[PDB]
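Each remark here refers to the structure printed beneath this line.
Cβ coordinates were reconstructed from backbone atoms using ideal geometry, including for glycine residues, and neighbour counts include every protein chain displayed. What is reported rests on the model, the rules as stated and the sources as named; no laboratory read-out is quoted.
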RNA sequence: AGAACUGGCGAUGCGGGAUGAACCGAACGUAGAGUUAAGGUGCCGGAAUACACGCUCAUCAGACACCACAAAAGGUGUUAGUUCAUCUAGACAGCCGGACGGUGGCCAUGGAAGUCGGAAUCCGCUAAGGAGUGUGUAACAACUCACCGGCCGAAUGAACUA
RNA sequence: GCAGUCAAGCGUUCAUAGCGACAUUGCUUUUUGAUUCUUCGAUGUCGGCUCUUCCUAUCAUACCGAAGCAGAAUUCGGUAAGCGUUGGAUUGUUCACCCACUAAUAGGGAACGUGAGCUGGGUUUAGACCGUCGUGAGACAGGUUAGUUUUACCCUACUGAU
């Protein structure tokens, strides 16, 4: 039916700055700069004033509106990413075999090294995606915690480490050994 | 030795799922249709069996 | 090769096509054995399964005490009589084929192994070292 | 394989159906000029990538008869409707709590009063909240749960028909 | 032959792990038939040896998901044909049941692939025996033995050479 035109509202706290030219979206904040290209998705941005910036689609269909919405949620997740920050608390899970996680510099590319997984003789390794520093939590035994900027950084690298721990052709409902993303936090202690 | 704080969370990533009858596709719990385009998006489901 | 035999057997020439009659090396009472099929050989169109030194080959019995006849049994060939080559360059070969009745795991239905024995089939079945005669 | 009323083909060309005797239009002396049928109007082909309103994206699209394949069943894929329902005295979500009590009406009686249960149901305080649902343990004290509903501020849910 | 739809039941409890009747919609040509449209001025007709290629409704392997999957072994399914699918006794055998090795010993065609490639055991002529039928001449998927299998120097396709 082509709903004529709709809009959504993006809102900016004091110390963060969006910059949108063409459809390229720059963000600058306390957590540094983020950049993203939305040009595939075809939307129009309206800036009234700073804290109020409205996105709109005219003469589009169901799917196209459905795209406008997730454009909102995207860019806004970047903004609240550059104020708060993104932190994932993952806790180790092991039964008879404790899992070793080293951080290793190899050609300066930051590889996470996993050893003694299921007592296996294989070495496991994952590249760390860009921007996310990794900590090991204090006074929580067997925890690893990820810290970074955009949701795709932290989320993607985290989940990748999650799925490096799959068990091969054993029972998946009996052996529970692995590493699991549990709590999804924001870097700043308060929020 | 596992303990629920280390265990019951794993059910959410293993043992809490739904499965399509035709394509055996793993699905989140409340999903009302299989996503796969090969199976025909059929709604039929079964809860993934718990231990014993 | 096969399941139950430890050790890495280096390859040797193929001296015993199916039907070949080895002579028995011990108390079994069979004047001679008869091959049928071989453990571990490959399949190729109109190719008889090869047999050779150190092989574990199935066998039947054409001579001697009855209780040996009319039942398939594992057996091992300890003398090839076809010249093969160790990696060290020699070509050594015996003057007749030979074989020993044995269990799947390397134990001997026999006692002592008459005549000389090629060591490639000795050290490959570490059990047979103690039941062995003159080796090499 | 066998018949009936026509028409064709054999005994018949031409244009169209890419091609094919029986399909469509048309029945030819030879030339000229003109206008049309069927079919087409991206390019191969001459002719409008002309106009209009729409609908569909398919990690095995569809493409126009005879002509050369497809079904039964499914799909909040999508679009359009029908009938029920529900409604800014405030919906549906998703958070924040609470659900009081007469009386454990009455009954299994060893005790569960809503709930190892029942042949089966009225009253009091609420702009609310049930002799009444799991945690609970033979029971009991706590809330789960329609709801006052604070936040939320609007239509949504179900069945289908296509 | 294969593939679905629904589901009473079996499956400990339990339609749906796996089964799957009751019915029920399809696909395939690989059998066997029906038709006989084309060839009796002859397309040489079974199987085996040989030799590539192709389709998957994949037997094994790569990668996974379910399981009435603890591990092991095994079952059901998906992306896939890339490679691999045997050695022997008896049979003219297609087929088959057999012993063993096996990662596994899947299914099929390509004019029942390929006779100027072979063999020609079979079937199909002429000889011969027996059983039954026939009064006789004779007849029989009967059962058995014996039985000339031609030419390439043509074009093309290919493999090599200028």
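Considering only the stretch A:84-98, state which residues are at the interface with chain B (Cβ under 9 Å from one of its Cβ atoms) and either farther than 15 Å from residue A:182 by Cα or in a loop (DSSP other than H, G, I, E, B) (or both).
Result: A:94, A:95, A:96.
Going by what's in this entry, would residue A:81 be described as part of a helix (DSSP H, G or I) and outside the structural domain of residue A:137 (by CATH)?
Against the criterion (part of a helix (DSSP H, G or I) and outside the structural domain of residue A:137 (by CATH)), residue A:81 qualifies.
Tally up the residues in the stretch A:176-191 that are more than 17 Å from the chain's Cα centre (by Cα) and surrounded by 14 or more Cβ atoms within 10 Å (Cβ to Cβ), please.
So the answer is 4.
Residue-wise test of (1) away from chain B (no Cβ under 14 Å); (2) under 30 Å from residue A:27 (Cα atoms); (3) in contact (Cβ under 8 Å) with a residue 24 or more places away in the chain; (4) in a loop (DSSP other than H, G, I, E, B).
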{"position": "A:101", "(1), (2), (3), (4)": "yes, no, yes, no"}
{"position": "A:112", "(1), (2), (3), (4)": "yes, yes, yes, no"}
{"position": "A:130", "(1), (2), (3), (4)": "yes, yes, no, yes"}
{"position": "A:156", "(1), (2), (3), (4)": "yes, yes, yes, no"}
{"position": "A:174", "(1), (2), (3), (4)": "no, no, no, yes"}
{"position": "A:183", "(1), (2), (3), (4)": "no, yes, yes, no"}
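Of all residues in the stretch C:40-62, count the ones that are assigned to a loop (DSSP other than H, G, I, E, B) and touching a residue at least 24 places away in the same chain (Cβ under 8 Å).
10
Return the residues of the stretch C:18-73 that are over 15 Å from the mean Cα position of the chain (by Cα) and on the phi > 0 side of the Ramachandran plot; say none if nothing qualifies.
C:29, C:46, C:64, C:70
Could you tell me which of the residues A:44, A:70, A:35 is surrounded by 13 or more Cβ atoms within 10 Å (Cβ to Cβ) and either outside the structural domain of residue A:149 (by CATH) or over 23 Å from the mean Cα position of the chain (by Cα) (or both)?
Only one candidate qualifies: A:44.
Which members of the stretch A:42-72 meet the condition of being part of a helix (DSSP H, G or I) and closer than 20 Å to residue A:28 by Cβ?
Of everything in the stretch A:42-72, those that are part of a helix (DSSP H, G or I) and closer than 20 Å to residue A:28 by Cβ turn out to be A:71, A:72.
Out of C:117, C:77, report the one residue that is touching a residue at least 24 places away in the same chain (Cβ under 8 Å) and within 16 Å of residue C:1 (Cα to Cα).
Just one listed residue meets the conditions, C:77.
Kindly evaluate residue B:21 against the criterion of being surrounded by fewer than 11 Cβ atoms within 10 Å (Cβ to Cβ), within 13 Å of RNA strand E (Cβ to nearest atom) and farther than 23 Å from residue A:163 by Cα. Let's see the steps before the verdict.
Details: surrounded by fewer than 11 Cβ atoms within 10 Å (Cβ to Cβ): no; within 13 Å of RNA strand E (Cβ to nearest atom): yes; farther than 23 Å from residue A:163 by Cα: yes.
No: the conditions fail for residue B:21.
Suppose we keep only residues that are touching a residue at least 40 places away in the same chain (Cβ under 8 Å), within 24 Å of residue A:61 (Cα to Cα) and part of a loop (DSSP other than H, G, I, E, B) within the stretch A:2-41. Which one would you say is farthest from RNA strand D (Cβ to nearest atom)?
Result: A:4.
Only one of B:9, B:51 is surrounded by fewer than 16 Cβ atoms within 10 Å (Cβ to Cβ), away from RNA strand D (no atom under 16 Å from the Cβ) and either more than 14 Å from every other protein chain (Cβ to nearest Cβ) or closer than 29 Å to residue A:96 by Cβ (or both). Can you tell me which?
B:51
Scan the stretch B:12-48 for residues that are away from RNA strand D (no atom under 15 Å from the Cβ) and in a loop (DSSP other than H, G, I, E, B) and jot them down.
Selection gives B:14, B:15, B:16, B:17, B:24, B:48.
Is it true that some residue in the stretch A:132-145 is surrounded by fewer than 15 Cβ atoms within 10 Å (Cβ to Cβ), within 14 Å of chain B (Cβ to nearest Cβ) and under 11 Å from the mean Cα position of the chain (by Cα)?
No, because not a single residue in the stretch A:132-145 is surrounded by fewer than 15 Cβ atoms within 10 Å (Cβ to Cβ), within 14 Å of chain B (Cβ to nearest Cβ) and under 11 Å from the mean Cα position of the chain (by Cα).
May I ask you to say which residue of A:38, A:68 is out of contact with any helix residue (DSSP H, G or I) (no Cβ under 7 Å at 6 or more places or on another chain) and within 25 Å of residue A:3 (Cβ to Cβ)? Let's see the steps before the verdict.
On the way: A:38 fails: out of contact with any helix residue (DSSP H, G or I) (no Cβ under 7 Å at 6 or more places or on another chain).
Matching residue, one of A:38, A:68: A:68.
Quick one: is residue A:176 closer than 24 Å to residue B:2 by Cα, within 16 Å of RNA strand E (Cβ to nearest atom) and touching a helix residue (DSSP H, G or I) at 6+ places or on another chain (Cβ under 7 Å)?
yes
Just checking, how many residues over the stretch B:25-34 are away from every other protein chain (no Cβ under 13 Å) and surrounded by 12 or more Cβ atoms within 10 Å (Cβ to Cβ)?
5
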